[PDB]
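Visitor: First to last, the protein sequences are chains A and G.
If you count by the entry's author numbering, then the first sequence holds residues 135 to 257, 269 to 432, 441 to 617, 645 to 882, 885 to 1061, one letter each, in order.
If you count by the entry's author numbering, then the second sequence holds residues 357 to 386, one letter each, in order.
First, the structure itself, so that you have it in front of you.
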Amino acid sequence: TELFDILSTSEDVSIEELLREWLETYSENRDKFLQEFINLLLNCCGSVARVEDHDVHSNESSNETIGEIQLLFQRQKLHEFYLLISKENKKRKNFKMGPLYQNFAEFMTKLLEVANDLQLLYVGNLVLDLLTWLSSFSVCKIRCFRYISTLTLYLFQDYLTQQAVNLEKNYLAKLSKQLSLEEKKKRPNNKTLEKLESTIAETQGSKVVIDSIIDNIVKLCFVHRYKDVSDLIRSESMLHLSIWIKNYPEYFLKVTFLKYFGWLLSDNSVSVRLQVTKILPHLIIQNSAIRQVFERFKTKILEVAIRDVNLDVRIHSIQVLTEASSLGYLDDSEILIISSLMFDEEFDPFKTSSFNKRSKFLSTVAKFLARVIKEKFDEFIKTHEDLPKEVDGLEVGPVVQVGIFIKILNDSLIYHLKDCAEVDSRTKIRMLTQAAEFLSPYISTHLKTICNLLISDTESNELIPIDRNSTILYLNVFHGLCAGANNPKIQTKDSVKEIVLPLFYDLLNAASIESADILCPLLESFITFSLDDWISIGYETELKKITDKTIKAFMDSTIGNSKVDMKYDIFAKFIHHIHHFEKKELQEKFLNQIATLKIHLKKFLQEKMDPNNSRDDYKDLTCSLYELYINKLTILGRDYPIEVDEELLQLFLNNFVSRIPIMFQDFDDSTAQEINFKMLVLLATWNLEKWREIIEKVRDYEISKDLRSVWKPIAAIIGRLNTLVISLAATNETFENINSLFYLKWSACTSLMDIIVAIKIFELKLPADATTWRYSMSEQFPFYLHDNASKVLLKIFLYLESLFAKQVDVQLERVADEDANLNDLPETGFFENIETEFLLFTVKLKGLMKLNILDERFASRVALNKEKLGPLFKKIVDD
Amino acid sequence: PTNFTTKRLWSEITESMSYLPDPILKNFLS
DNA sequence: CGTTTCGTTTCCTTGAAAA
DNA sequence: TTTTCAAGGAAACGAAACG
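Here's what the structure looks like:
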């Protein structure tokens, strides 16, 4: 077979110039065409079975001729599909996708373009042979021959409708006008009449022949091959139907022929719905006749768009729903069912900046919502009359297009929150922002007016952002859109940067910021604006006063822990971005406010926490102490160092830390959570770096002999923490305080381990020439960790391990002489997560063990349950 | 999914343990 | 260690809309 | 009838799992 040698490997070759040879030689040799025709199809199935000329010449006995080559494949072991895998993969199989999928399909698609030249199509009799052979070739149980036979049939069906429409519009309809000009008036040519009638008869009969072929293939091949068992065959049956429907509209564009799509809309296979929903939007491009299909299957489309098995089908389902809502086939009640899809129950499963699987879904839903927005926008203008004026001149576009947008998102939220269980507002804001991120490109030019809506000095009437609960959602939507505007696309971002930036000062001055729900999104927006996003606008003048307007609210209001209040994270991210600005005007403001807060704390400790007071309300004063002063300085010391003169520290570590036991009896389980020793480790880690900066003065000029006096504050801090830990070690274990007591001890141990690790890092990172500093460090520091605080550390390790085991229900093996009474452990409202806050403590303990600070029995006790608690613990054990 | 959390451990530790950018890059051993 | 499978980014081709 | 933008797909580099 020489034909397959010039077909499977030839890439850049002429397709039409090779068909004329066989078309003209079939009249010469009748048995040489079908032989090499059938062998070519058999080459792709993967077999050495061949058909001889005397076999293919038996046209009447087609079933037996195809069946005698069938046993040569059933009893054959080694066989692979050379065509299918080459189509699916180009770089994998030996055959590439080039010479076996492009020219291969072009050979059957352009097969009838050459038949009209040599007059072999109408002669006819050569056409019936293929209809006889391929009909019986495409009804077998083996999955090899059926696919290629049905595909060869559909490839000719592709060009059938093409040439039908071509002859209908460029031949018959064109000769009709010539025949119309040869009637009027009183002048028949007669010579040309008998030519016109013959040509028109040919054009009308060729269409009947083509329609007969089409009806044959639709009757015996299409009806039986859309219920097939294979997914690829069933999908290829529907793929090429789009061509026939797009081309020939007389015998295809009907209601009885569009029922197969609504049929296979809910198919058992997965790859069928994909092609179905990819083809469906092409039908609505053309447009009573088609409306009757959607009017009946739109509920099925809703089912597929919402609760489908596969995730890649809903995308194209909503793509169809896009044009559905465009043409108005969808009712107002059915829009709310798809609008709430912007709030899927999955919270951040993949990613956002990389445009993952969760991105395309929300993008398609926003594309759908845009059409509904525009529909209601254009429909509301004609129903109600427009007043002459508004704010300034006439804002006919954005005002109406945003005013209705407020109802849309809130109703979409309520429709999905009425069904699912109630969640807190913190879980609502995140989902609303995840949704509003993708709405940025669709309200990119109108958002200019949204800012002016927040300064509601002007008014407008409504026939038939006011209150605070509405302005909250207003701000959250706007500032979610702001953050989402930076990731997708280009050019649509810098315009908004230049437009919306200056109004931030007016936003702060107009809307009061007493509650934190007002402060959350306003400062969430500020994060996505850097130096280039503020200098290129020409409004770096207002940033100076913006920082002060934020500082006033930071100083006035009280800020609690991050577990209860949200202002903690807000101001933390704010200060971090302001520090990453790196501008000297901004640092001095925060430093001055640090000094002011330090003076306020000093005067607070002088009389409020004075040890000469008879007030037994430590529970009421400790909360105020940690909210008004301590947490603020702990947040500010993140990026702006804080220093404390030893007088304030010795009036603090005396009146507070060395006084906690005689206060703990009044403490409840909510005040104890607020207490965190993250500030006493800040004071050390800043005086442990301000001296590493002095080591950088060896290569300069101009020690002061304060090395003994230098370690005094840090030594006092570590000694007070050790004393507090050992004093909390002796406490009554009643059920009321057994949680707060252990939480306090855990926090103290965490801060102490941080301080000890930092000091032992500083001592080892020193060069060998600095001996007079090693002497002072080994003289002024008698103990880094007292041996009783080590027992307390072991107690906390135990406690956390036993809570982990109580959660995982696995018994713990430990030494005999031990407080085994704490194996059944109480409920704990301090530790929201017990897997993380336990492995963190384990990591800290292992880091201490590496520095030869803890004994070896400690290492033996720590690694006793390396097999019970999974591989994460053995990772710490070995590595 | 609950037992196998190897990559999450680094992120959780580096988040919960650190609250200052400058001292952490010099007081956190390798 | 090296492989293998999956996810990401960039470029190329085809199609869809407007002048 | 031609031009431009976008959308889908393929190639290539990278990451994570896996053996």
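We put the beta carbon where it would ideally sit given N, CA and C, even for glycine.
(1) Label residue 379 (chain G) either buried or exposed according to how many other C-beta atoms from any shown protein chain fall within 10 Å of its C-beta, with 16 as the threshold for buried.
(2) Could you tell me which chain A residues have their CB closer than 8 Å to the CB of residue 376 (chain G), listed as they occur along the chain?
(3) Determine the DSSP secondary structure at residue 386 (chain G), reduced to helix, strand or coil.
(4) Which first and last residues belong to the alpha helix (DSSP H) in which residue 906 (chain A) is found?
(5) By the 7 Å beta-carbon criterion, what residues does the region 1043-1059 of chain A contribute toward chain G?
(6) Check each candidate in A:450, A:330, A:194, A:202 and name the one with the smallest Cα separation from residue 274 (chain A).
(7) Where do the ends of the alpha helix (DSSP H) carrying residue 285 (chain A) lie?
(8) What do you reckon, are the CB atoms on residue 366 (chain A) and residue 298 (chain A) nearer than 8 Å?
(9) Can you check the region 833-857 of chain A for any alpha helix (DSSP H) of at least 4 residues that lies completely inside it and give the ranges in chain order?
(10) Is it true that the CB of residue 489 (chain A) sits closer than 8 Å to the CB of residue 565 (chain A)?
(11) Evaluate the contact criterion for the region 653-665 of chain A versus the region 584-601 of chain A: three or more CB pairs, one atom per stretch, below 8 Å.
(12) Taking the straight line between their C-alpha atoms, what separation do you get for residue 382 (chain A) and residue 341 (chain A)?
(13) Would a C-beta distance cut-off of 8 Å place residue 389 (chain A) and residue 306 (chain A) closer than the cut-off?
(14) Tell me, please, whether the region 807-821 of chain A touches the region 856-869 of chain A by the rule of three or more beta-carbon pairs shorter than 8 Å.
(15) Does any C-beta atom of chain A lie closer than 8 Å to the C-beta of residue 372 (chain G)?
(16) Pick out whichever of A:252, A:198, A:141 has its Cα sitting closest to the Cα of residue 238 (chain A).
(17) DSSP state of residue 299 (chain A), grouped into three classes?
(18) Kindly list, in the order they appear in chain G, the residues whose Cβ is closer than 9 Å to that of residue 743 (chain A).
(19) For residue 854 (chain A), decide whether its Cβ has a neighbour in chain G, counting only Cβ atoms nearer than 8 Å.
(20) With a CB to CB cut of under 8 Å and the five nearest residues on each side skipped, what residues in its chain are close to residue 988 (chain A)?
(21) Quick one: is residue 873 (chain A) near chain G, going by C-beta distance under 8 Å?
(22) Check the Cβ of residue 381 (chain G) against every Cβ in chain A and list those closer than 7 Å, keeping chain order.
(23) Can you give me the Cβ contacts of residue 778 (chain A) inside the same chain, cut-off strictly under 8 Å, excluding the 5 residues immediately before and after it?
(24) To which residues of the same chain is residue 730 (chain A) closer than 7 Å at the C-beta, ignoring the five residues directly before and after it?
(25) Could you tell me whether the region 358-375 of chain A touches the region 282-296 of chain A, where touching means 3 or more Cβ pairs closer than 8 Å?
(26) Compare the Cα-Cα distances from residue 767 (chain A) to each of A:820, A:977, A:785, A:732 and report the closest residue.
(27) Could you name each continuous alpha helix (DSSP H) segment of 4 residues or more that falls completely within the region 924-992 of chain A, going from the start of the chain to the end?
(28) Helix, strand or coil for residue 334 (chain A), going by three-state DSSP, please let me know.
(29) Could you pull out every residue in the same chain whose Cβ sits closer than 8 Å to the Cβ of residue 810 (chain A), ignoring the five residues on either side in sequence?
(30) Could you give the C-beta distance for residue 249 (chain A) and residue 403 (chain A), rounded to a whole number, given that I count them as a contact under 8 Å?
(31) Does DSSP classify residue 773 (chain A) as helix, strand or coil?
(32) Please classify residue 793 (chain A): does DSSP put it in a helix, a strand, or coil?
(33) Give me the subset of the region 1006-1018 of chain A whose CB atoms are less than 8 Å from a CB atom of chain G, sorted by chain position.
(34) Among A:463, A:333, A:525, whose alpha-carbon lies nearest the alpha-carbon of residue 478 (chain A)?
(35) Keeping to the same chain, check which residues put their C-beta closer than 8 Å to that of residue 866 (chain A); ignore five residues upstream and five downstream.
(36) Would you check if the region 532-550 of chain A and the region 493-500 of chain A touch, i.e. whether three or more CB-CB distances between them fall below 8 Å?
Guide: According to the structure data:
(1) Along the second sequence, read from residue 1 onward, the residue named residue 379 (chain G) stands at position 23. Result: buried.
(2) Position 20 of the second sequence, counted from the first residue, corresponds to residue 376 (chain G). Here the neighbours are 817, 818, 819, 862, 865.
(3) The residue given as residue 386 (chain G) occupies position 30 in the second sequence. Coil, per DSSP.
(4) Walking along the first sequence from the start, residue 906 (chain A) turns up at place 724. Taken as a continuous stretch (DSSP letters only), the alpha helix (DSSP H) holding residue 906 (chain A) covers 889-910.
(5) 1052, 1054
(6) The residue you call residue 274 (chain A) lines up with position 129 of the first sequence. Residue A:194 is the option with its Cα nearest to residue 274 (chain A).
(7) The residue given as residue 285 (chain A) occupies position 140 in the first sequence. From DSSP, residue 285 (chain A) is part of no alpha helix (DSSP H); its letter is neither H nor E.
(8) The residue given as residue 366 (chain A) occupies position 221 in the first sequence. The residue given as residue 298 (chain A) occupies position 153 in the first sequence. Cβ atoms of residue 366 (chain A) and residue 298 (chain A): closer than 8 Å.
(9) 841-844, 851-854
(10) By 1-based counting over the first sequence, the position of residue 565 (chain A) is 412. By 1-based counting over the first sequence, the position of residue 489 (chain A) is 336. Going by C-beta atoms, residue 565 (chain A) is nearer than 8 Å to residue 489 (chain A).
(11) yes
(12) Position 237 of the first sequence holds residue 382 (chain A). Position 196 of the first sequence holds residue 341 (chain A). Near 40 Å, if we compare the C-alpha coordinates of residue 341 (chain A) and residue 382 (chain A).
(13) For the purposes of this step, residue 389 (chain A) is taken as residue 244 along the first sequence, with counting starting at 1. For the purposes of this step, residue 306 (chain A) is taken as residue 161 along the first sequence, with counting starting at 1. Yes. Within cutoff.
(14) yes
(15) One-based indexing of the second sequence puts residue 372 (chain G) at position 16. So yes, residue 372 (chain G) belongs to the interface.
(16) In the first sequence, residue 238 (chain A) corresponds to position 104, counting from 1. Selected option, being the one with the closest Cα: A:141.
(17) Taking the first residue of the first sequence as position 1, residue 299 (chain A) is located at position 154. Residue 299 (chain A): helix per DSSP, three-state reduction.
(18) Taking the first residue of the first sequence as 1, we reach residue 743 (chain A) at position 563. In chain order: nothing, as chain G lies at least about 13 Å away.
(19) Taking the first sequence and counting its residues from 1, the one referred to as residue 854 (chain A) is at position 674. Cβ-Cβ to chain G under 8 Å: no for residue 854 (chain A).
(20) In the first sequence, residue 988 (chain A) corresponds to position 806, counting from 1. Result list for residue 988 (chain A): 1005, 1006, 1007, in chain order.
(21) Counting from 1 along the first sequence, the entry for residue 873 (chain A) is found at position 693. No, its Cβ sits nowhere closer than 8 Å to a Cβ of chain G.
(22) Along the second sequence, one-based indexing puts residue 381 (chain G) at 25. Going along chain A, no residue has its Cβ under 7 Å from residue 381 (chain G), so there is no contact; the nearest lies around 10 Å.
(23) Looking up residue 778 (chain A) in the first sequence gives position 598. Around residue 778 (chain A): 813, 822, 824, 828.
(24) The sequence position of residue 730 (chain A) within the first sequence is 550, counting from 1. Excluding sequence neighbours, residue 730 (chain A) sits near 754.
(25) yes
(26) For the purposes of this step, residue 767 (chain A) is identified with residue 587 of the first sequence, where counting begins at 1. For residue 767 (chain A), the nearest C-alpha among the options comes from A:820.
(27) 953-962, 969-990
(28) Taking the first sequence and counting its residues from 1, one reaches residue 334 (chain A) at position 189. Coil.
(29) Residue mapping note: residue 810 (chain A) aligns to position 630 of the first sequence, counting from 1. If we look at residue 810 (chain A) and ignore the five residues flanking it on each side, its Cβ neighbours are 781, 859.
(30) Reading the first sequence from its first residue, position 115 is the one you call residue 249 (chain A). Reading the first sequence from its first residue, position 258 is the one you call residue 403 (chain A). 31 Å between Cβ atoms; not a contact.
(31) Indexing the first sequence from 1 puts residue 773 (chain A) at position 593. In this structure, residue 773 (chain A) counts as helix in the three-state DSSP scheme.
(32) For the purposes of this step, residue 793 (chain A) is taken as residue 613 along the first sequence, with counting starting at 1. Looking at residue 793 (chain A) - three-state DSSP - the assignment turns out to be coil, as it is neither helix nor strand.
(33) 1017, 1018
(34) Within the first sequence, the letter at position 325 stands for residue 478 (chain A). Looking at the Cα atoms, A:525 is the closest of the given residues.
(35) Counting from one through the first sequence, the residue named residue 866 (chain A) turns up at place 686. For residue 866 (chain A), where only same-chain residues beyond five positions count, the Cβ hits under 8 Å are 817, 821, 822, 823.
(36) no
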